[PDB]
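Examination of the molecular architecture
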Amino acid sequence: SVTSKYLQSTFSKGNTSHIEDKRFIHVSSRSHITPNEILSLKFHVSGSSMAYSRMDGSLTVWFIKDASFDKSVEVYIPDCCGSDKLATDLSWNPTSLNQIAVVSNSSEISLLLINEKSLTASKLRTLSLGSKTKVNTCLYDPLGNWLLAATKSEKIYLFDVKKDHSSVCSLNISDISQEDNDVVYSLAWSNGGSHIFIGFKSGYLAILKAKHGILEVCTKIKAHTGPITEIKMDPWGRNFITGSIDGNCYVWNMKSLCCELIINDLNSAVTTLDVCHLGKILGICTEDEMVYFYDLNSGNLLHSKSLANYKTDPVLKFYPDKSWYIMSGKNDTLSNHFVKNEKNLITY
Amino acid sequence: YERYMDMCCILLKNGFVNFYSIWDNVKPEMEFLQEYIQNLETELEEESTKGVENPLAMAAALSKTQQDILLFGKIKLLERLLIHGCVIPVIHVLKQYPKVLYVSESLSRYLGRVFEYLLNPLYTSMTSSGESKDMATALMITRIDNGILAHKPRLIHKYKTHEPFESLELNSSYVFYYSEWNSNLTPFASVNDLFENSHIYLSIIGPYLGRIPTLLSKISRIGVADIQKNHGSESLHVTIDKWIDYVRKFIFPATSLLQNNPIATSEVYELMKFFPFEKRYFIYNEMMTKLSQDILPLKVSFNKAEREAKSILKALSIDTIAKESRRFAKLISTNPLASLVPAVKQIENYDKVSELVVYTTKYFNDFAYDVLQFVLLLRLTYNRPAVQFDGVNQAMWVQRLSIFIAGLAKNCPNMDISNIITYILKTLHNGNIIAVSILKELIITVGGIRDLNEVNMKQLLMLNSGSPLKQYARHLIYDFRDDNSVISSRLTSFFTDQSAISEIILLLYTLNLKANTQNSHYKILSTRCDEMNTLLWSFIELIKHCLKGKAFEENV
Amino acid sequence: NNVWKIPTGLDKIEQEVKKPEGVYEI
Amino acid sequence: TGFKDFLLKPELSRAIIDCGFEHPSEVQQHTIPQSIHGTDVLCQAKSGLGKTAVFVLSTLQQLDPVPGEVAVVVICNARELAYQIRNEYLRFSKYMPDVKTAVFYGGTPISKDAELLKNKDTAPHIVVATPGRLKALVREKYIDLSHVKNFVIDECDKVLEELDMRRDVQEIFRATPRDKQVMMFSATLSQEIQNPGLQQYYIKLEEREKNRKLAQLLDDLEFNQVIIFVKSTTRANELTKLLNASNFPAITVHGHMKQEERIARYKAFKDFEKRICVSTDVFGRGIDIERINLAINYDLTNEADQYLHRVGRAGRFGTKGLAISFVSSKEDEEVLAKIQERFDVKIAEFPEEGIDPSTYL
Amino acid sequence: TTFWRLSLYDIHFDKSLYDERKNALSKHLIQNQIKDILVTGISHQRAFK
């Protein structure tokens, strides 16, 4: 019951700060409009940086140095990756401390090294592929050993990041799916780059081996009856969580690959999910503008809330180095959460 | 009491004292146990068959001995003797008094624990996950110190407790203390041993196997891999027959007990897919008729599911579909062949529930599909009159059922209604009115082939000209055959197999003649003959639309 | 099982008709 | 496709066929053949027999669309009825793209009506309106009626009895060409106003058991829709709040409430959006709902005619249904005794074991 | 065989309905009037002849 009180305190009068971004001051001036979006938001591994990209085209990055974003510098940058094209996915390159990979639904993958002394985001390199190929998702092996780039259909590329991003291998999606017109919806890496977990739209789930740089199909299981939205992994490495649009959220055992626990209070589709860095609490953002916080070990609801028709598409992410979580606010504005006197659950 | 019982359970397997000398002398006498058992049996059977109304807003406005038997004495001794890996005393006890399993659930869970440990090493040898075992590792703690990255491993410590199942509570891992409880047991070496020991452990756990879904998945995957291993060999039918018998006797009754857990049924059906469909229908029908009744926990579960299905069916609306659809999909996917029949009747004689159900078929897996086709054939073959009581008018359910079937063929494309088409091709021989009706609604709804009864001369003229004028004419006459090319091709593909095309055309033709030679009032004779004529014409328009080139001359 | 015991085949649909000629004795 | 015997335009025939019309009523077949020739018509019929369709089909037949020319003007008595007539014109003109229809009623800025009348994209050939607003438009020359060929007046009795309404309609009539087609339609033309299967049951019990009893009945009976008749607005609203609290989607309609929400919830339940509706005798007459198969009289009325009006909402057009009533006082049994003598019907006491579901479907 | 072989499409050329459709049809201008629908009318003239 300690975790329930902790979450309640994290939802209190204080212990909360508004992330002061461009959209925040925009709403402050125009309220005291059509909300663009938040395409994606992804931390650095060491828990001391953050990056995200709205629909306008501008990607913000913060260098966390304070709790309530007091002394946190902010490198705002205009619509990068072209003037017409906007960013859709980014990976933070766990190898170094500054590099970033960004994709813009085009045939060009941009590698930019963000600098903190100035506000200059200088394009370091651009990678290109076949002219028709339209990739939109990039990923980094959590050890910084492989890079993955995926299309909505009929292309999957793996580069070796060590040897100057030499194109290592590729694969046609129709060889992985073997169904009628499947479109990969979400990808994820295993803890320590050894396997790639892919969730198609027709419902299937595939596990590809990427040991020595040669992709191969290990297995395919008919997990869900609708498109798979998100795929997350437990940090301890014992189970991986699958959330779908048919209203189900399962947790699969890693050693044996069989369903072990099911979330049953759900009655709506899932838009995203996330699990804390301690592998203890599981946050589900359903489609009825509502968030839930479940317990991983037992599987019973321990906290609920209600978005109340503010920023229809929400986002949730748990810090990789503290028990804090960034959650969307009212009008596409981010809202930090903390307790200001508890860095981790154990200290509580 | 816990520690003392554990010490006695330890002593009671190294031979310090014999078991029955302890069993016969602990507090709850066998007679009081049997009395409590009869009370639980009667209360359960009543609350199952009759049921109880859960008060929601009822009357909310106007204008200890049970705990004793459960928590200590003989039952607690049995649970602990099971935890500590001494299976033979409890097997010998439950061989005599099976009803004891009703007292508490934990016996089934613990028996499943020992069986799952028994079977795990056989399971890994097949469906090979050992090559994939090397991916269960944790993320290293990364930190930036002095402006450089540094990786470290996470540190945990190990505690010993009395609870049997391992866990990891946020910093430390707990384990069962008596770490050599599995000394007396030897895992399986070959599937034959799995049969030989199923006949002992699973015949005891009974219909309660469903309390542990993971065992269903493991056994079903073992079956799938065992059948796949010898796809080439000549003896495949032997293994298929043997696994048929096994799934009939041990697994399917269990999966009939589940609670809103689709994936387990998905696995069991992924194994079932290898049988002849005759056998699947045998198992489904036997489960429906003889094993729902005459077995208590199955009966309880079926009655609960049925009452819940009717409760949901009373609350389907155009406004509440967003969540009721998900709930109905889960409930139908988990336990179909006893929760579908109320739905089939409700759409058999109500108007809009048909459209609602055809909307919600988008969500359930192949098991619900096969069972749905089963109950459709069931209703289509149930003994009842076809014509209305008044005169020669056809009854008022044929039409709604045919509309339902056409909606199925139109919307959900993984349905596999082949057997229904064999029903059509077969029962047309005797002139069954349901066949003709299903064919008419199939052609007119899926294909889109509107008739030519009322056509103004200009439309009639445009209807045979160059392609674009003809297309405009058809879209004016409210005909949508062009936009439905893919599903029309799929349905004609269903028809193509078993070569039903020529048989069906000849049947329709030679049936209208026999309809001409009947005796009735002319006011119905003329209409019937003309209706059959128009149906045949429309069918041939569909055939010429979908089969072109050489396929036509091949199958016409 | 009954409705699946009905024999289906091209040999059975022949059911040859009656010749047009009709003999002479709403 | 009975209208195909009318020998009309094919696109109009398709617009009628997609409107569900298949067999004309008596008044349609008796009036449309002669109104198509442009003759004046004065029609009296029973309400709800498709009197609008007659002149709607007539004017959609006789019109040849001229850009920017208003030839057809219909005058009604209300704004919501005007909206209904323009909706009828729209559902009748699905397959007629060149013709344009518009509606005029109070509560809207006159300048917006003017600018939509000047707009070629909204320049209407068919105008349905209230006489006052269209008078304010003609007298200000905001609309031109120098080419009107068709003049329809619905509910002409109230149009001619009220002095302001008759003066307005005459100001609109004098600004139109004298050689036009003229039509008047109304269900009531007194003499003072150019060459023109239901099952019936009852429950005798006490008040304090009603709330739980329905919670059982609404649980066991198999139903499409259910209606709940009450004698008061407070009890109805309370029972609806409790029923919606009971995981049973229910709506409430009665007096003491603004008309906007009444129309809104009425239309909503008509469309099968929820399965339970509760109302007082405000809907005792006139309502037409097909899917209602099970009726519960929570409180009986004072006279037998009101009870038969209540039960008339079920078993529409000689269809099957089920009715069950509550008896909790002396006058309830009194009216129960009087209904059988007047209507020759045995309202048996509802048995405890339940009735066969097929006896009412 | 000359009676039963033939049809209506090969026995009557109106050529008025084609023109009515072409004129009422005047994105890319609906794919250039449905690829100059008139090619079918030309083939129709050849067939009639």
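Residues numbered from 1 in each chain as written, not as in the entry; some residues may be left out. Chains lettered and ligands numbered in written order. Part of a larger assembly, values for the part shown. Heavy atoms only, no water. Residues with missing side-chain atoms left out of burial classes, pairs and counts.

In terms of determination method and resolution, the entry is listed under cryo-EM at 4.5 Å.

The PDB entry annotates chain E as THO complex subunit 2 of Saccharomyces cerevisiae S288C. For this entry, the PDB title field holds "yeast THO-Sub2 complex dimer".

The name the PDB entry assigns to chain A is TEX1 isoform 1, from the organism Saccharomyces cerevisiae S288C.

Here we come to the overall build of chain A. If you tally the helices and strands in chain A, you get 3 helices and 27 strands. Taking 20 Å as the expected radius of gyration for a compact globule of 348 residues, we find that chain A reaches 20 Å, a close match to that expectation. By principal-axis analysis of the C-alpha atoms, chain A measures approximately 55 × 50 × 40 Å. (Helix = DSSP H or I, 4+ residues; strand = E, 2+ residues; numbered from the N terminus. Rg over C-alpha atoms; globule rule 2.2 N^0.38 Å.)

What follows deals with the overall build of chain E. Counting secondary structure elements, chain E contains 4 helices and 0 strands. Written out in order from the N terminus, the α and β elements of chain E read α-α-α-α. A principal-axis box enclosing the C-alpha atoms of chain E has dimensions of 45 × 15 × 15 Å.

A few words on the interface of chain B and chain A. Every contact between the two is made by 31 residues of chain B and, on the other side, 40 residues of chain A. Mapped onto the side of chain B that touches chain A, the elements with two or more residues apiece are α9 (213-229), α11 (262-272) and α14 (321-334) of chain B. In terms of residue class, the side of chain B that touches chain A is made up of 14 nonpolar, 10 polar and 7 charged. (Contact = heavy atoms within 4.5 Å. Nonpolar A, V, L, I, M, F, W, Y, C, P; charged D, E, K, R; others polar.)

This part is about the interface of chain B and chain D. Listed by partner, the interface residues are 18 residues for chain B and 19 residues for chain D. Counted by class, the side of chain B that touches chain D contains 11 nonpolar, 3 polar and 4 charged residues.

Close approach of charged atoms allows side chains of opposite charge to pair. We note a salt bridge from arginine 80 of chain B to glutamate 2 of chain B, for which the minimum N-O separation is 2.4 Å. Measuring nitrogen to oxygen at the nearest pair gives 2.9 Å for the salt bridge that ties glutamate 222 of chain D to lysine 314 of chain B. One end of the pair, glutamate 222 of chain D, is in the loop between α9 (210-220) and β8 (225-229); the other, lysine 314 of chain B, is in the loop between α13 (296-313) and α14, on a second chain. Counted as one network, the salt bridges with shared partners bring together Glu2, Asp6, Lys76 and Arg80 of chain B. (Salt bridge = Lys/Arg side-chain N within 4 Å of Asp/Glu carboxyl O.)

Attention shifts here to the pairing of strand β1 (residues 141-145) of chain B. Residue and element names in this part refer to chain B. Inspection of the sheet shows β1 paired to strand β2 (residues 148-152) by 5 bridges, in the antiparallel sense. The partner of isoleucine 144 across the bridge, within β2, is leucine 149. Remark: 2 residues form the turn of the hairpin made by β1 and β2, two consecutive strands paired antiparallel; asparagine 146 in that turn has positive phi of roughly 55 degrees. (Pairing = 2+ DSSP bridges.)

Our next topic: the packing of aromatic side chains. Here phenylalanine 11 of chain A and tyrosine 325 of chain A contribute two aromatic rings whose centre-to-centre distance is 6.1 Å and whose plane-to-plane angle is 65 degrees, an arrangement assigned as edge-to-face. Judged by centre distance (6.0 Å) and plane angle (70 degrees), the ring pair of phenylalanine 115 of chain B and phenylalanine 188 of chain B falls under edge-to-face. Of this pair, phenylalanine 115 of chain B sits in helix α7 (residues 106-125) while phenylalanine 188 of chain B sits in the loop between β5 (172-176) and α8 (191-205), and the two are 73 residues apart along the sequence. Aromatic ring contacts, followed pair by pair, group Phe11, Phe293, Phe318 and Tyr325 of chain A into a single cluster. Lying over the aromatic face of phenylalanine 151 of chain D, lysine 180 of chain D brings its terminal NZ or CZ to 3.7 Å of the ring centre. The aromatic ring of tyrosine 298 of chain D is capped on one face by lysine 210 of chain D, whose charged end is 5.3 Å from the ring centroid. (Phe/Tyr/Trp six-rings, centres within 6.5 Å; stacked < 30°, edge-to-face > 60°. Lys NZ or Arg CZ within 6 Å of the ring centre and 35° of its normal.)

Our next topic: the arrangement of the chains. Most contacts, compared over the 4 pairs of chains touching, are made between chains A and B. What separates chain A from chain C at the closest point of their C-alpha atoms is a distance of 33 Å, and the two make no contact. In this view chain C stays clear of chain D, with the nearest C-alpha atoms of the two still 28 Å from each other.

Attention shifts here to the sheet that holds strand β11 (residues 292-297) of chain D. Residue and element names in this part refer to chain D. In spatial order, the strands read β9-β10-β8-β11-β12-β7-β13; together these 7 strands make up an open sheet with parallel pairing. On the outer flanks of this sheet lie β9 (250-253) and β13 (348-349), each paired with one strand and no other. In the sheet, β9 pairs with strand β10 (residues 276-279) via 4 bridges, with the strands oriented parallel. In the sheet register, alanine 250 faces β10, and the bridge partner there is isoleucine 276. This element, helix α11 (residues 259-270), spans β8, β9, β10 and β11 of the sheet and lies at about 140 degrees to β9. (Axes fitted to C-alpha atoms, helices over the stretch in contact; angles between N-to-C directions.)

Moving on: the sheet that holds strand β9 (residues 135-140) of chain A. Residue and element names in this part refer to chain A. Strand order in the open sheet made by the 4 strands is β9-β10-β11-β12, with antiparallel pairing throughout. Two strands in the sheet have a free side with no partner beyond their single neighbour: β9 and β12 (166-171). Neighbouring strand axes in the sheet, compared pairwise and without regard to direction, differ in orientation by 20 degrees on average.

All names here are of chain B. Direction vectors running N to C along α13 and helix α16 (residues 341-349) enclose 35 degrees, while the axes themselves pass 9 Å from each other. Where α13 approaches α16, its residues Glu306, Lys310 and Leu313 are matched on the opposing element by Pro342, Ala343 and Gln346. A class-by-class count of the residues in the contact of α13 with α16 yields 3 nonpolar, 1 polar and 2 charged.

This part covers helix α10 (residues 233-245) of chain D. Helical periodicity: at 3.6 residues per turn, an α-helix aligns residues three or four positions apart in one direction. Look at α10 of chain D: 18 Å from first C-alpha to last across 13 residues, which is about the 18 Å you get at 1.5 Å a residue. Positive phi shows up at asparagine 247 of chain D, right after α10 of chain D, with a value of about 60 degrees. (Expected span 1.5 Å × (residues − 1).)

With that settled, consider unusual backbone geometry. The phi angle at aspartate 344 of chain D is positive, at roughly 50 degrees, despite the residue not being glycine. With respect to the element layout, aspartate 344 of chain D can be found in the loop between α13 (330-343) and β13. Although it is not a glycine, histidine 28 of chain E adopts a positive phi angle of roughly 55 degrees. Tracing the sequence through the fold places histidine 28 of chain E in helix α3 (residues 28-36).

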